[PDB]
Each structure stands twice: as structure tokens, then as C-alpha cells.
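*Asks:* One structure follows; several queries about it will come next.
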Amino acid sequence: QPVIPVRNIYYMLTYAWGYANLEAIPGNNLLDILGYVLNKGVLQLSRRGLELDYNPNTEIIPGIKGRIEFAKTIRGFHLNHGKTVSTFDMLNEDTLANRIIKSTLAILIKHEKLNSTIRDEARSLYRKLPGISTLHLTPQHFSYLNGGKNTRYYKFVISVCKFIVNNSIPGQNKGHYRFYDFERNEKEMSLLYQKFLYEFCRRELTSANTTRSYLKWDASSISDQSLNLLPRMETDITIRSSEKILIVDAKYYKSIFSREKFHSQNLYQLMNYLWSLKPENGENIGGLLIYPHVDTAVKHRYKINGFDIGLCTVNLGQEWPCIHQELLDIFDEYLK
Amino acid sequence: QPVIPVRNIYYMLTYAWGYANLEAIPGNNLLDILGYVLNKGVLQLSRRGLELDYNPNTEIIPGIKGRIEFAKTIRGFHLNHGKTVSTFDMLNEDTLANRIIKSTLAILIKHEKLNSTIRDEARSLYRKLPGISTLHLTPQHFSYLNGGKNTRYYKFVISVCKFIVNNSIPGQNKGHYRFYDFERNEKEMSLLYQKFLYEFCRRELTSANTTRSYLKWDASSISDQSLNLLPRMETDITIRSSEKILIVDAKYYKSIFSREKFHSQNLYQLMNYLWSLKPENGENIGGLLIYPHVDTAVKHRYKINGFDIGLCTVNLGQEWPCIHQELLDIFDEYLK
Amino acid sequence: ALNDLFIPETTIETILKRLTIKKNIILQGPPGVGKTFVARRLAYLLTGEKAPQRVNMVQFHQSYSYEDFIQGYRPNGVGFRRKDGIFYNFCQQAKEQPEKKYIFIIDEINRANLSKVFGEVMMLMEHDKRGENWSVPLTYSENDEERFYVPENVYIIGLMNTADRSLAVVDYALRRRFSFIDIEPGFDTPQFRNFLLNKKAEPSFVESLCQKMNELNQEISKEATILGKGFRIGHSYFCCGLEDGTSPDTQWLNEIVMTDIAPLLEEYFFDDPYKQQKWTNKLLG
Ligand SMILES: Nc1nc2c(ncn2[C@@H]2O[C@H](COP(=O)(O)OP(=O)(O)O)[C@@H](O)[C@H]2O)c(=O)[nH]1
């Protein structure tokens with residue numbers, strides 16, 4: 001039951017969210033890593049300054065501040081006890097984005113399995129934000145912020161905060177928390193991997209164009225033009241260049257970590273993607289199978305039904321730059 | 001979260017094992033049904049007579065029975081105290097097959113959720129088999145009997161006994177047992193379904209020939225002739241007739257029970273089965289998708305890539321004969 | 001015979017109180033805690049004298065029989081002659097000195113069927129039915145008048161191996177009479193440590209050695225139903241092998257780990273080699 005070294009996982013998450021030295025931290029487990037980013041990440045913001053969004057406030061005060069609302073004043077007779085219903089703009093850091101940070105930190109402190117120094121620093125910051133109000137967090141809170149007015153930097157830590165909240169489980173005690181065993185589940189790990197590549201390829205493969213391509217079946221049915229019954233088919237990624245087009249389907253399987261029979265069931269999807277897809281340019285059509293392995297990388301080529309297909313692997317756990325080196329080498333060979 | 005009525009499930013299990021009125025029993029849950037078969041099933045055997053297999057016994061007795069082993073007699077000096085080491089054939093019902101029944105019944109009685117009358121009858125039989133020895137059962141015990149010397153009838157109840165043992169979980173108490181929620185898991189339910197059809201079609205579709213067909217990829221790789229890395233591909237069933245060949249891939253999905261998007265991910269396997277398979281006869285090539293639904297049955301046809309493909313369903317929970325009627329109708333249309 | 005026993009002092013006293021009362025003790029536990037050694041030394045404790053003659057030790061196996069144990073008719077050159085066994089003869093010595101304590105050691109008693117072996121005598125060996133009053137003529141007794149009576153002086157010690165997965169159920173006949181006692185591995189104990197400290201062992205190697213073994217013992221004992229607590233590794237290998245005065249160090253340790261414990265892990269862990277490789281690395285690495 002072998003798994004990836006935890007430090008390497010953080011890099012793929014970064015590309016997934018689209019935005020460093022982790023040698024310093026000694027806690028190998030993820031939450032130690034993840035908290036150190038957040039705990040330090042907030043500190044980066046505070047140096048420049050946290051977001052202050054003007055919240056208009058309509059309240060009853062003993063005097064004129066901003067704009068008086070004449071109606072509520074007369075109806076409540078607040079003139080008599082020397083008060084007005086007035087609208088004015090207090091400037092707070094109490095926005096939804098910043099509130100999430102402090103509320104997220106509470107769970108971070110409450111986590112049972114955590115480095116003490118990390119918990120020490122976090123508890124300091126928790127105190128350092130008195131004005132902001134604690135909250136009981138839900139995904140809908142993160143949902144409201146998908147508008148993304150905030151800076152590019154804020155969206156990073158919030159993406160971190162989203163990962164923590166969804167991957168937080170109460171542990172030994174009712175109050176305390178315990179981290180999810182993220183690596184063990186394949187689906188989210190695979191869904192990470194599928195998303196990891198799509199954003200990664202845009203960065204490095206500037207030469208090529210990277211798109212996820214929706215496809216329509218070549219079928220026609222006398223029954224229905226809709227073909228709703230047919231499976232929805234959307235490529236994981238397509239990486240088109242003028243000389244050659246190329247589709248990749250990548251998934252995380254547990255069997256493959258064992259070096260025997262091979263689990264390539266996803267391949268069955270691939271041919272049908274090649275088939276229904278028709279290029280006007282007619283430069284070429286290629287496919288790739290790429291999986292994560294631990295020890296070593298092996299690359300093969302295939303010529304099956306008029307299609308050029310590759311099976312390849314990467315030895316995650318080696319080193320991130322050499323891993324980064326390997327991927328650029330990989331796509332270059334096949335793309336050519 | 002709707003599931004099949006439990007009584008109908010028993011019929012597909014019967015075809016799976018390749019060998020009735022259940023209106024009598026009032027306990028809808030499976031174990032009530034399953035025990036009634038076993039409890040009555042044993043009674044059917046006893047009327048004709050249970051299997052008696054001669055176990056040779058080499059033991060020390062005060063006289064000649066069968067064949068004396070001269071060596072152990074002299075070496076142990078048993079002549080002096082008027083004894084011999086002799087081989088003879090006691091006739092018992094204590095065989096592995098029959099021992100399994102009584103040991104299986106113990107778990108049956110111990111099950112916490114069970115009809116009282118069923119438990120009453122079983123406890124009677126448990127007493128009625130004194131000579132046979134209780135056992136702590138394992139799959140290896142069933143494994144040793146795959147030779148199948150026993151009659152066609154014995155193999156039926158043992159197949160039942162296998163289902164119980166594998167689908168038995170201890171419940172509230174350490175001793176007592178509680179039945180597995182078999183229906184909820186799709187994989188075994190699907191694996192039932194895949195096996196159900198293969199044996200079923202041999203019975204009814206005597207007109208056609210029914211075979212599971214192994215396939216080899218059309219690919220060639222310069223790297224390896226083996227293509228071990230490639231997925232192993234074995235059809236679920238193939239139902240070949242002189243006029244037309246036809247492949248079926250059937251699986252149980254939870255999404256489909258909801259009448260929306262449709263889960264047909266297995267279809268991706270299907271085309272590649274059609275492609276690598278090449279008929280010398282060149283009569284025709286056809287494919288079918290068939291799934292289980294609860295309410296209703298809907299049949300569609302497709303002409304995709306030069307292949308003739310059908311999507312169809314059956315309303316399990318209707319009635320077994322009308323269900324049996326529906327299947328024969330289904331295969332007939334498409335086969336034609 | 002009480003200079004260096006790695007076991008805590010509490011249990012060894014508990015047994016002595018228990019032994020003088022019940023007179024039939026079972027020491028369970030993994031192989032490699034010196035069940036023979038502790039019992040052999042314990043025998044001298046109850047007598048208080050480091051005298052071998054009163055003590056005798058025998059190893060049971062499936063084919064061990066009443067004939068070897070007590071009485072049999074072996075042939076001489078011409079004709080058969082009754083031959084006294086161990087236990088029968090053993091008691092004749094004990095009858096001479098009822099004041100003194102005579103002790104019988106039975107290793108791996110669980111393996112054999114006790115009933116065929118003891119036979120008639122299994123009733124008597126219990127502490128209550130002892131003395132001349134409960135004397136019985138033996139199975140082979142030609143004359144009824146000759147009888148066998150278990151004297152009170154006799155104390156019988158039984159050693160049972162917990163380690164086997166093959167074990168399913170303890171014999172009933174054993175359980176009714178004997179008082180089961182479980183021996184912990186006691187890898188983390190002062191006397192074993194100070195013995196090692198007196199030998200050329202640094203505390204870091206001791207703390208390293210004690211630390212790793214405890215985590216291993218807890219792991220196997222933790223999954224109790226799949227594997228018994230008695231599977232957990234003992235300490236006896238580390239005791240012996242230092243007679244030459246060799247310094248115990250990681251150089252010396254790694255042989256014992258790989259040579260002796262490694263197959264034990266292989267038998268215990270027949271399911272996942274990666275799981276084996278995980279724990280073997282931690283012991284040295
Ligand atoms: N000095 C000392 N020796 C021990 C201790 N435990 C075991 N030994 C020695 O380990 C060696 C093997 O003992 P034993 O268990 O009888 O071997 P076995 O027949 O394989 O089980 C003997 O020298 C024992 O005396 C102990 O606690 N102290």
C-alpha cells in the first residue's frame with residue numbers, strides 16, 4: 001500500500017488552482033505542509049495589507065453620519081431622543097473572504113494531528129484578528145466568492161482553505177479535528193491528476209494550444225436526434241498543434257503502482273474519442289496514455305487501427321524539477 | 001434508493017449456478033427466502049438419501065476387522081494386549097459436503113434477523129444430524145469440493161451455502177450473525193447479472209450458440225509482441241448464429257434506476273470488442289447494451305460506425321415469467 | 001539461580017504463590033522468552049536449592065504416549081517385561097523426601113493429547129485428589145493392591161506455545177485443572193537493559209533497540225483477532241550470543257534481525273511483503 005511522498009502532492013495542487021522551499025518544515029504529513037503555507041501565506045498578505053471592503057451600515061446613532069434616512073427617523077421618532085437613522089460606510093476587514101481565514105484557522109488549531117510549532121503560530125494569528133467574526137463554514141460561503149473580485153493572491157489561500165474544509169473530519173474528540181486520508185482515495189486523486197495536467201500544459205507548452213474538447217457521437221438514431229441516452233463524452237485534455245493533434249487521458253489506478261496484469265480500462269474510452277473527432281486540417285491524429293508510477297518511467301508506442309497511441313509513466317517521488325524535466329521530454333517526443 | 005424485490009433475485013442466482021413457489025414464505029428479506037430453500041432443500045435430499053462415502057479407518061481394535069497392518073501391530077506390540085492395527089471402512093455421512101450443511105445451519109440459526117418458524121425448523125434439523133461434526137467454515141472447504149463428485153442436487157445447496165457464508169457478517173452480538181446488504185453493492189450485483197445471462201442464454205436460446213469469446217488486440221507494437229500492458233479483453237457474452245453474430249455487455253448501475261443523464265460508460269469497451277473481433281464468415285456484426293430498470297423497458301437501435309447497436313432495459317420487479325417472456329422477445333428482435 | 005531473569009519480580013512471585021496453591025501452572029507466551037529457562041530457574045526457587053535431580057524436563061509431541069510416560073511392556077531378549085516410565089519413576093524419588101519439593105517440567109504440552117497419555121492419572125495430578133486415599137491400581141497393574149498416589153510435594157509446570165496460527169481451541173482437559181499464566185515479552189525491562197548496559201552497550205543503542213521492538217510488538221498485538229498478542233517477538237535471541245564478550249551494536253544487531261526475526265516476520269506476514277519490508281527497514285534504518 002505505497003503512496004506518493006506528501007511534499008510532491010502540493011505542487012500538482014498548485015497547478016490545479018493556477019496560483020518555494022518546503023525543505024524547512026519537518027512534518028511530512030500533508031496538513032503540516034498545508035498549514036505552513038496558509039500560516040505563512042496570510043503573513044504575506046498582511047505585509048502588503050489585507051482587503052478592506054466598505055460595508056455600508058444603516059444604524060441608529062446620536063447624530064449625523066453620512067446620509068440620514070428621513071423616513072425611518074420620523075417613523076421611529078428618533079429625533080425626540082436625539083438620534084437619527086443614518087447610512088454611513090464603516091471600513092472593516094470583516095468581509096466574507098477574510099472571515100473564512102479566521103474560521104478556517106480555528107479548525108486548523110483544533111486539528112488533533114499537527115505540528116506544535118505550527119499550532120503555536122496559528123493561535124497567535126487567531127488572536128491577532130480580533131475584529132473579524134468567527135463562522136461555521138459551508139461550501140456555499142466559498143461559492144459566493146466565485147466572482148473573484150479579490151486579488152490573485154487571495155484566491156490562492158482560499159483555494160487552500162477550500163481543500164482543508166472539505167478534507168476535515170472530526171477525530172477523537174467532538175471539538176478536535178483529524179485530517180482526511182486524501183491520498184488513499186483514487187477518484188479525487190485522479191480528478192486532481194486530470195485537472196493537474198490541463199492547467200500545467202498551458203504554462204509550459206506555450207508552443208502548443210491546450211483545450212478540453214467536447215465531442216458529439218458520429219451516431220445517428222432514428223429514435224432521437226438528442227442521443228441523451230448516449231454517454232456524455234468530454235475529453236480530459238486535447239493538446240493541438242499545427243503539425244499534429246494529440247489527446248491525453250490520464251487517471252490514477254492503484255493496481256499500476258504494483259509493477260503483472262495492467263489496469264488500462266480507461267483506454268476503452270480513448271478510441272471512441274479518436275473516432276468521433278474529425279479534423280478538418282487533417283494534419284494527424286494521436287493519442288496518449290499516461291499514468292503515475294513510483295519507481296520508474298517506461299514509454300511505449302502503438303499503431304492500432306490507424307491511430308498512433310502511447311503508454312507512458314512518471315516516477316513520482318523522484319524530484320519535482322526532474323519530474324518537470326520528464327514531462328516536457330515526454331510530450332515533446334510524442335507530439336513530434 | 002430503490003432496489004429489486006428480493007424474491008426475483010433468487011431466480012437469477014439459480015441460473016448463475018445452473019441448478020418453484022415462494023408465495024408461501026412471508027419474510028420478504030433474502031435470508032428468509034434463502035434459508036427456506038436450504039431448509040427445505042435438505043429435506044428433499046434426505047427423502048432420497050444423503051451421500052454416504054466410505055472413509056477408510058486405520059485404528060487399534062481388539063480383533064480383526066478388515067485388513068490388519070502387520071507392521072504397526074508388531075511395532076506397537078498390540079498383540080500382547082489383544083489388539084490389532086487394522087484398516088476397515090466405516091460408512092459415515094461425515095463427509096466434507098454434508099459437514100458443511102450442518103455447520104452452515106449453525107450460522108443460519110445464529111443469524112439475528114430471521115423468521116422464527118424458519119429458525120425453529122432449522123434447529124430441529126441441526127439436532128437430527130448428531131453424527132456429523134461441526135466445523136468453522138472457510139472458502140477452502142468449498143474449494144476442495146470443486147471436483148464435484150456429488151450429485152447434481154447436492155451442488156445446488158452447496159452453492160446456496162457458499163452464498164450464505166460469504167454473505168454473513170456478525171451483528172449485534174459476538175455469536176449471532178447479520179446478513180449482508182447484497183443488493184446495495186453494484187459490483188457483485190453486476191457480476192451476478194453478467195453471469196446470469198451467460199447461463200440463461202444457453203437454456204432458452206438453443207437456436208443460437210452462446211460463447212464467451214476471448215479477443216486479441218489488432219495492435220502490433222515494436223516493443224512487445226506480448227501486449228501484456230494492454231488491457232485483458234474478454235467479452236461478457238457472445239451469442240453467435242449463422243445469420244448474425246451478436247455481443248452483449250450488461251452491467252448494473254445505480255444511476256440508471258433514476259429515469260436525466262445516463263450512465264453508459266461500459267459502452268466504451270464495446271466498440272473495441274467489435275473492432276478487434278473479425279468474422280471469417282462475414283455474416284454480420286451486432287452489439288447490444290442491456291441494463292436492469294425497475295419501472296419500464298425501453299428499446300433503441302443505433303447505426304454508429306458501420307455497427308448495429310441497441311440500448312434496452314427490463315423492468316425487474318414486474319413478474320418473473322413476464323420477465324422471462326420479455327427477454328426472449330428482446331433477443332429475438334435484435335438477433336434477427 | 002536468581003541473578004538475571006529479565007521477567008519482572010511481580011509475576012515470578014505470583015507464580016510461587018499460585019504454584020504452592022494450585023500445583024499445576026501453565027506458562028503461555030511467544031517463543032524466545034525462555035519459558036524453559038524461567039521454569040527451570042523457578043524450580044530451583046521453590047526448592048531454594050540449585051539441585052537438578054528433583055527437576056526433570058520432557059518435551060511432548062503428538063506421538064508421546066502413556067507407554068513412555070508411565071508404564072509399558074517393552075521386550076527383553078525373550079519375553080516382555082513391564083517397564084516404568086518417567087513420571088512413575090519420578091514419583092518414587094519424591095516419595096522418599098516428602099518434606100522436599102520435586103518438580104516436573106512438560107514442554108509443549110498442548111501439542112500432544114493429554115488424555116491418552118495421563119489416562120487414569122489425570123484425575124490424581126490435580127492438587128485436591130492427592131495422597132494415599134486417592135491411590136488407584138494402574139492400567140497395567142497385575143495386582144489391584146499395588147497403587148499409585150500423587151504426593152503433595154509434586155509440582156508440575158507446563159509450557160504452551162502461543163505463536164502458532166494453527167492453534168484453534170485449547171484442550172478442555174487442560175483448562176479445568178491448570179492455572180493459565182501469560183508471559184509478556186518483557187523486552188522493555190531494567191534487568192535486561194542493565195544486563196545490556198553492563199555489557200558493552202551504549203544507552204542510545206539500548207533506547208533505539210527497546211523503542212523499535214515495542215512498536216513492533218504493539219503492532220502485532222494490536223490486530224488481536226487476525227494475529228494473537230502472543231505472536232509478538234520475545235527477547236531470548238538477544239540474551240544468548242554474547243557469551244564471547246562481543247559488544248552489542250548495530251553491526252551485531254543486524255545479523256540477528258535478518259537471520260532470526262526475518263523468517264519470523266515472513267511466517268507471521270504471509271500476505272504482504274511490502275508490509276514486511278516496511279518494518280524490517282525501521283529496525284536498522
Ligand atoms: N539470562 C537470560 N536468559 C534468557 C532469558 N530468556 C531467555 N533466555 C535464554 O534464551 C535461550 C533459549 O531459551 P528457550 O526459550 O528455552 O529456547 P527454545 O527451546 O527455542 O524455546 C536460553 O539460553 C534461555 O535461558 C532471560 O530472560 N534471561
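Labels used: A, B, ... for chains in the order of the C-alpha cells, numbers from 1 for residues in each chain, and numbers from 1 for ligands as shown.
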When the cut-off is 6 Å and we count only C-alpha atoms, which residues of chain B are near chain A, given as a PDB file with C-alpha atoms, in the first residue's frame?
*Replies:*
```
ATOM      1  CA  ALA B 219      -2.446  -3.742 -32.398  1.00  0.00           C
ATOM      2  CA  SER B 221       3.907  -2.999 -31.030  1.00  0.00           C
ATOM      3  CA  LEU B 229       0.411  -3.866 -20.782  1.00  0.00           C
ATOM      4  CA  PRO B 231      -5.944  -4.456 -21.047  1.00  0.00           C
ATOM      5  CA  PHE B 262     -27.466   8.255 -18.489  1.00  0.00           C
ATOM      6  CA  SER B 264     -23.285   4.100 -20.278  1.00  0.00           C
ATOM      7  CA  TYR B 268     -16.623   2.451 -24.417  1.00  0.00           C
ATOM      8  CA  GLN B 269     -15.452  -1.146 -24.030  1.00  0.00           C
ATOM      9  CA  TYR B 302     -28.200   2.687 -33.384  1.00  0.00           C
ATOM     10  CA  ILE B 304     -22.815   4.279 -35.456  1.00  0.00           C
TER      11      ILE B 304
END
```
*Asks:* Hey, what does DSSP flag as strand (DSSP E or B) within stretch 252-317 of chain B? Can you give it to me as a list in words?
*Replies:*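 Put together, the selection reads residues 285, 286, 287, 288, 289, 290, 291, 292, 293, 299, 300, 301, 302, 303, 308, 309, 310, 311, 312, 313, 314 and 315 of chain B.
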*Asks:* Residues of the last selection are to be written out with N, CA, C and O atoms, as a tab-separated table (two decimals), in the first residue's frame.
*Replies:*
```tsv
chain	number	residue	atom	x	y	z
B	285	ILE	N	-22.26	-8.25	-37.95
B	285	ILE	CA	-21.73	-7.93	-36.63
B	285	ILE	C	-22.71	-6.99	-35.94
B	285	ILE	O	-23.09	-5.96	-36.50
B	286	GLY	N	-23.13	-7.37	-34.73
B	286	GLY	CA	-24.07	-6.59	-33.96
B	286	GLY	C	-23.66	-6.51	-32.50
B	286	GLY	O	-22.94	-7.36	-31.98
B	287	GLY	N	-24.14	-5.46	-31.85
B	287	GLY	CA	-23.88	-5.24	-30.44
B	287	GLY	C	-25.16	-4.87	-29.72
B	287	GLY	O	-26.11	-4.38	-30.32
B	288	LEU	N	-25.17	-5.12	-28.41
B	288	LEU	CA	-26.30	-4.77	-27.56
B	288	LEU	C	-25.83	-4.21	-26.23
B	288	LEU	O	-24.86	-4.71	-25.66
B	289	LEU	N	-26.52	-3.18	-25.77
B	289	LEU	CA	-26.46	-2.72	-24.40
B	289	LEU	C	-27.79	-3.04	-23.73
B	289	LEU	O	-28.84	-2.63	-24.22
B	290	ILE	N	-27.73	-3.78	-22.63
B	290	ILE	CA	-28.91	-4.14	-21.88
B	290	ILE	C	-28.63	-3.89	-20.41
B	290	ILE	O	-27.57	-4.26	-19.90
B	291	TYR	N	-29.57	-3.23	-19.74
B	291	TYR	CA	-29.47	-2.88	-18.34
B	291	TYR	C	-30.74	-3.25	-17.60
B	291	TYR	O	-31.79	-3.44	-18.22
B	292	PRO	N	-30.68	-3.37	-16.27
B	292	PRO	CA	-31.91	-3.54	-15.49
B	292	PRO	C	-32.50	-2.23	-15.01
B	292	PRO	O	-31.80	-1.41	-14.41
B	293	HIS	N	-33.79	-2.05	-15.26
B	293	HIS	CA	-34.56	-0.95	-14.72
B	293	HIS	C	-35.71	-1.53	-13.91
B	293	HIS	O	-35.95	-2.74	-13.92
B	299	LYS	N	-36.50	0.24	-25.64
B	299	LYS	CA	-35.59	-0.35	-26.61
B	299	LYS	C	-35.25	0.66	-27.70
B	299	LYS	O	-36.16	1.29	-28.26
B	300	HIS	N	-33.96	0.82	-27.99
B	300	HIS	CA	-33.49	1.71	-29.05
B	300	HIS	C	-32.49	0.98	-29.93
B	300	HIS	O	-31.89	-0.02	-29.54
B	301	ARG	N	-32.33	1.51	-31.15
B	301	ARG	CA	-31.36	1.00	-32.11
B	301	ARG	C	-30.45	2.12	-32.59
B	301	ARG	O	-30.84	3.29	-32.61
B	302	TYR	N	-29.23	1.75	-32.97
B	302	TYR	CA	-28.20	2.69	-33.38
B	302	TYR	C	-27.39	2.10	-34.53
B	302	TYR	O	-27.19	0.88	-34.61
B	303	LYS	N	-26.93	2.98	-35.41
B	303	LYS	CA	-26.04	2.63	-36.52
B	303	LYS	C	-24.88	3.62	-36.50
B	303	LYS	O	-24.99	4.70	-37.09
B	308	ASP	N	-24.20	-2.08	-35.69
B	308	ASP	CA	-25.61	-2.02	-35.33
B	308	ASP	C	-25.71	-2.26	-33.83
B	308	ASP	O	-25.42	-3.37	-33.36
B	309	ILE	N	-26.11	-1.24	-33.09
B	309	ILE	CA	-26.06	-1.26	-31.64
B	309	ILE	C	-27.43	-0.92	-31.07
B	309	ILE	O	-28.13	-0.03	-31.58
B	310	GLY	N	-27.80	-1.65	-30.02
B	310	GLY	CA	-29.04	-1.45	-29.30
B	310	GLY	C	-28.84	-1.10	-27.84
B	310	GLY	O	-27.92	-1.61	-27.20
B	311	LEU	N	-29.65	-0.18	-27.32
B	311	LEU	CA	-29.80	0.03	-25.89
B	311	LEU	C	-31.18	-0.42	-25.46
B	311	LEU	O	-32.18	-0.01	-26.07
B	312	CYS	N	-31.24	-1.25	-24.43
B	312	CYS	CA	-32.51	-1.81	-24.00
B	312	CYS	C	-32.50	-2.01	-22.49
B	312	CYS	O	-31.45	-2.01	-21.85
B	313	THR	N	-33.71	-2.14	-21.93
B	313	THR	CA	-33.88	-2.31	-20.49
B	313	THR	C	-34.98	-3.31	-20.20
B	313	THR	O	-35.79	-3.65	-21.06
B	314	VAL	N	-34.99	-3.78	-18.95
B	314	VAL	CA	-36.01	-4.69	-18.45
B	314	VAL	C	-36.52	-4.17	-17.11
B	314	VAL	O	-35.73	-3.69	-16.29
B	315	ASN	N	-37.83	-4.27	-16.90
B	315	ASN	CA	-38.46	-3.75	-15.68
B	315	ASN	C	-38.49	-4.87	-14.63
B	315	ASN	O	-39.52	-5.49	-14.36
```
*Asks:* Residues near residue A:151, anyone? I mean within 12 Å using only C-alpha atoms, not counting same-chain ones fewer than 2 positions away, as a ChimeraX atom specification.
*Replies:* /A:19,45,48-52,97,145,147-149,153-158
*Asks:* Please identify all protein, DNA and RNA residues within 6 Å of ligand 1, counting only C-alpha atoms and all ligand atoms, and report them as a list in words.
*Replies:*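 I would give the residues around ligand 1 as residues 4, 5, 6, 31, 32, 33, 34, 35, 36, 37, 236, 239 and 240 of chain C.
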*Asks:* Mind the document's chain letters and residue numbers, and return as a count of residues only the residues of stretch 108-277 of chain A that DSSP labels alpha helix (DSSP H).
*Replies:* 66
*Asks:* Find the distance between atom CA of residue C:247 and atom CA of residue C:208 and write it in Å to one decimal.
*Replies:*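 Taking atom CA of residue C:247 as the start and atom CA of residue C:208 as the end point, the length is 15.4 Å.
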*Asks:* Using only C-alpha atoms, which residues sit within 8 Å of stretch 124-130 of chain A once same-chain residues fewer than 4 positions away are excluded, as a list in words?
*Replies:* residues 102, 105, 106 and 120 of chain A
*Asks:* Between A:200, A:214, A:331, A:179, single out the one closest to residue A:30, counting only C-alpha atoms.
*Replies:*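 For residue A:30, the nearest of the candidates is A:179.
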*Asks:* Specify as a ChimeraX atom specification all residues of chain C found within 12 Å of chain A, counting only C-alpha atoms.
*Replies:* /C:272-278
*Asks:* Deliver the residues from the most recent selection as a file, using C-alpha atoms, as a short mmCIF file (atom, residue, chain, number, x, y, z; two decimals), in the first residue's frame.
*Replies:*
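For reference, selection.cif as written:
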```cif
data_model
loop_
_atom_site.label_atom_id
_atom_site.label_comp_id
_atom_site.auth_asym_id
_atom_site.auth_seq_id
_atom_site.Cartn_x
_atom_site.Cartn_y
_atom_site.Cartn_z
CA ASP C 272 2.05 -8.51 2.06
CA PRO C 273 5.85 -8.40 1.60
CA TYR C 274 5.79 -4.60 1.40
CA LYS C 275 4.39 -4.63 4.93
CA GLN C 276 7.31 -6.87 5.91
CA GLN C 277 9.77 -4.58 4.17
CA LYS C 278 8.25 -1.60 5.99
#
```
*Asks:* Which distance in Å separates atom CA of residue C:157 and atom CA of residue C:42, to one decimal?
*Replies:*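 According to the coordinates, atom CA of residue C:157 and atom CA of residue C:42 are separated by 9.8 Å.
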*Asks:* Tell me, as number ranges by chain, which residues lie within 9 Å of stretch 78-92 of chain A, counting only C-alpha atoms; anything in the same chain fewer than 3 positions away does not count.
*Replies:* A: 51-75, 95, 131-132
*Asks:* Applying 12 Å and only C-alpha atoms, which residues near residue B:117 remain after dropping the ones on its own chain fewer than 4 positions away? List them as a CSV table (one decimal) with N, CA, C and O atoms, in the first residue's frame.
*Replies:*
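Once written, part24.csv looks like this:
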```csv
chain,number,residue,atom,x,y,z
B,25,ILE,N,-43.8,-18.2,1.6
B,25,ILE,CA,-43.0,-17.6,2.7
B,25,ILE,C,-43.4,-16.1,2.8
B,25,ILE,O,-43.6,-15.4,1.8
B,26,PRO,N,-43.6,-15.6,4.1
B,26,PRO,CA,-44.0,-14.2,4.2
B,26,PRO,C,-42.8,-13.3,4.5
B,26,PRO,O,-43.0,-12.0,4.5
B,27,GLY,N,-41.6,-13.8,4.7
B,27,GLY,CA,-40.5,-12.9,5.0
B,27,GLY,C,-39.8,-12.4,3.7
B,27,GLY,O,-39.2,-13.2,3.0
B,32,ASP,N,-34.5,-14.9,4.8
B,32,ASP,CA,-35.7,-15.7,5.0
B,32,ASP,C,-36.0,-16.6,3.8
B,32,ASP,O,-36.3,-17.8,3.9
B,35,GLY,N,-33.0,-19.3,3.3
B,35,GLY,CA,-33.0,-20.4,4.3
B,35,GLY,C,-34.1,-21.4,4.0
B,35,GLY,O,-33.9,-22.6,4.2
B,36,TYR,N,-35.3,-20.9,3.6
B,36,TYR,CA,-36.4,-21.8,3.3
B,36,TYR,C,-36.0,-22.7,2.2
B,36,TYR,O,-36.5,-23.9,2.3
B,39,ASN,N,-33.4,-25.1,4.0
B,39,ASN,CA,-34.1,-25.9,5.0
B,39,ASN,C,-35.0,-27.0,4.3
B,39,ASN,O,-35.0,-28.1,4.8
B,109,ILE,N,-28.9,-20.5,12.1
B,109,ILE,CA,-29.7,-20.3,13.4
B,109,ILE,C,-29.2,-19.1,14.1
B,109,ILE,O,-30.0,-18.3,14.6
B,121,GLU,N,-37.5,-24.7,12.5
B,121,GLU,CA,-37.3,-25.9,11.7
B,121,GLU,C,-35.8,-26.2,11.5
B,121,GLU,O,-35.4,-27.4,11.6
B,122,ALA,N,-35.0,-25.2,11.4
B,122,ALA,CA,-33.6,-25.4,11.3
B,122,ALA,C,-33.0,-26.1,12.5
B,122,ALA,O,-32.1,-27.0,12.4
B,123,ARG,N,-33.4,-25.6,13.7
B,123,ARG,CA,-32.9,-26.1,14.9
B,123,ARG,C,-33.3,-27.6,15.1
B,123,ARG,O,-32.5,-28.4,15.7
B,124,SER,N,-34.4,-27.9,14.5
B,124,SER,CA,-34.8,-29.3,14.6
B,124,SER,C,-33.8,-30.2,13.8
B,124,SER,O,-33.3,-31.2,14.3
```
*Asks:* What gap, in Å, lies between atom CA of residue B:328 and atom CA of residue B:186?
*Replies:*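 Atom CA of residue B:186 lies at a distance of 24.9 Å from atom CA of residue B:328.
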*Asks:* Show me, as JSON, numbers by chain, the residues that have an atom within 9 Å of residue C:181 when counting only C-alpha atoms, minus same-chain residues fewer than 6 positions from it.
*Replies:* {"C": [15, 25, 26, 27, 28, 29]}
*Asks:* Generate a file of the selected residues that holds C-alpha atoms, formatted as a tab-separated table (two decimals), in the first residue's frame.
*Replies:*
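Saved as again-v6.tsv:
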```
chain	number	residue	atom	x	y	z
C	15	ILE	CA	3.58	-17.95	40.31
C	25	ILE	CA	0.62	-23.96	36.21
C	26	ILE	CA	0.70	-23.14	32.51
C	27	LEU	CA	3.12	-20.54	31.18
C	28	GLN	CA	1.88	-19.28	27.82
C	29	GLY	CA	3.70	-16.87	25.55
```
